[PDB]
C-alpha cells in the first residue's frame, strides 16, 4: 500500500533529538524529556503528494558500542545528524556520528541531513558558514531548526525523506 521510511535521529546528549521528533509527530515542545528513553515514533504524512509512513528512531541510552545498536542503525534508511548551535562540542561530535554510521552501513553515501537545532537561542557559538561548509564537504543538505518555535522541523525530516527517495 503506502511507503514507510525508517528515519534515525542521532546527536549528543541535550541537542533536542526527542524535542524535534516529538514536535514532528505530536505538534508540541518538550521541556525536560527523560534522556534514557530510546523509542520509535510513527506519523502518516503527505510529502510531494505521496502519503507515507515515518518510523523515527530517537536515539538515547549510553555512550557505548553494542552489536544490538549496530542492528537498529543498519535498519535506518536515513539519519538526521543533530547538533545545537550553542554547543560547539555537539558540532565537534557530528564527525564521529558520521564515522560510526559509515562503519555499520560500510557505505560512503548514506542519506543524511545535518541539523543545527536551537536556532531561537541568542547565544550562538557555532557559525552557519562552518555548519554549511561541513554539510557541503559531506555532500548532504543543512537545515537550521528550533523544536521550540517549530521552524525547520518539517523541512528537516521531509528533506531526509527526499534524500532517501533519491537513493535506491
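Residue numbers count along the first chain shown, from 1.
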Check your understanding: Mean C-alpha B-factor higher for 146-154, or for 15-23?
Key -> 146-154
Practice item. Between 2-10 and 158-166, name whichever shows the higher mean Cα B factor according to the PDB entry. Key: 2-10
Check your understanding: Which listed residue, 31, 70, 99, 55, has the largest C-alpha temperature factor in the record?
Key -> 31
Point to revise | Highest recorded Cα temperature factor - choice among 132, 59, 123, 119 | key: 123
Point to revise | Ranked C-alpha temperature factor of residue 104 among modelled chain residues, by third | key: middle
Check your understanding: Once the chain's modelled residues are ordered by C-alpha B factor and cut into thirds, is residue 110 in the lowest, middle or highest one?
Key -> middle
Check your understanding: Which third, lowest, middle or highest, does the CA B-factor of residue 128 fall in along this chain?
Key -> middle
Practice item. Place residue 65 in the lowest, middle or highest third of its chain's C-alpha B-factors, as listed in the PDB entry. Key: middle
